[PDB]
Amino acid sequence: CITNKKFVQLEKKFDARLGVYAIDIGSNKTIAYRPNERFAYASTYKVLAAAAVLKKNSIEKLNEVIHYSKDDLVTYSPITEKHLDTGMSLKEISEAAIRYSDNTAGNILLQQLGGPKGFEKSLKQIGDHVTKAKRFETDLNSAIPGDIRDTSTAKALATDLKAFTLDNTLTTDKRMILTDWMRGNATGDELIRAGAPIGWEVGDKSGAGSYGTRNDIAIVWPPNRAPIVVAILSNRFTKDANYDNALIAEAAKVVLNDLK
């Protein structure tokens, strides 16, 4: 009950709705708050779409150069906008999507999987019947009340990230490529990483959307311990609401101190 009380008070403090699911791989202990309620996933899909692309493609296909036109570029494409001339491989596109949250990279990953519905199919293959994927960037970030397009739950996202990174669903080389892309990125510095003790390495994928949507999903490696998977999703109640990263950092501290 005590952990539940902290999450209730975070919702009051930040005027927000909060979804939490975390699993300690060593003890199987879990922490859950609104774990089955839907939130817009925003940019967090990019790590799952990248993992699905790695799973389904040979190293040869993943290194082939893709060319895209200036007309495929959507807003917030800091990496892909530089490479109209050289093109990028699916490996490079995956890294751009995960490290920098590049939206055109996200779109190319969704396209490689057969569009949003093909990405959803890839998730059903790993047992996720919850996530609903319908739109491309940047429309997928609208986070409209009552809309289930481009939504998932904290439990489903955490379970998906665990499936790709810790359940031995990718070969060692692809798995380590994926988790390295998740480590050390500025987009994650104020989120789960800000709630993790120093020395507990965090690999994450952040997200942000309308209605104050602010998300982070992560693997955490505590010293001398098995990993922890953590998904923390949040939104607010008016279209223009500004999120506060501290909500995610403070929720992550609750999770990581209690699974300690």
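All residue numbers refer to positions in the sequence shown, first residue = 1.
With reference to the PDB entry, specify whether the mean Cα temperature factor is higher for 109 to 117 or for 165 to 173. In the deposited entry, the stretch with the higher C-alpha B-factor mean is 165 to 173.
Where do the C-alpha atoms have the higher mean temperature factor in this entry, in 94 to 102 or in 119 to 127? Higher of the two, by average CA B-factor, is 119 to 127.
What's the residue among 36, 235, 224, 44 with the greatest CA temperature factor in the PDB record? In the PDB entry, the greatest C-alpha B-factor among 36, 235, 224, 44 is found at 224.
Take the CA temperature factors straight from the PDB entry and tell me which of 50, 65, 230, 40 peaks. Spelled out: the listed residue with the top C-alpha B-factor is 65.
Which third of the chain holds residue 213 when residues are ordered by C-alpha B factor: lowest, middle or highest? Lowest third of the chain for residue 213's C-alpha B-factor.
Would the CA B-factor of residue 195 place it in the lowest, middle or highest third of its chain? Its C-alpha B-factor, which the entry lists for residue 195, ranks in the middle third among residues of this chain.
Classify residue 206 as lowest, middle or highest third according to the C-alpha B-factor given in the PDB entry, relative to its own chain. Lowest third - that is where residue 206 ends up once the chain's C-alpha B-factors are sorted.
According to the PDB entry, is the CA B factor of residue 75 in the bottom, middle or top third of its chain, that is, lowest, middle or highest? Tercile = highest for this residue's CA B-factor.
Third of the chain, ranked by Cα B-factor, where residue 31 sits: Answer is middle: the recorded C-alpha B-factor places it there.
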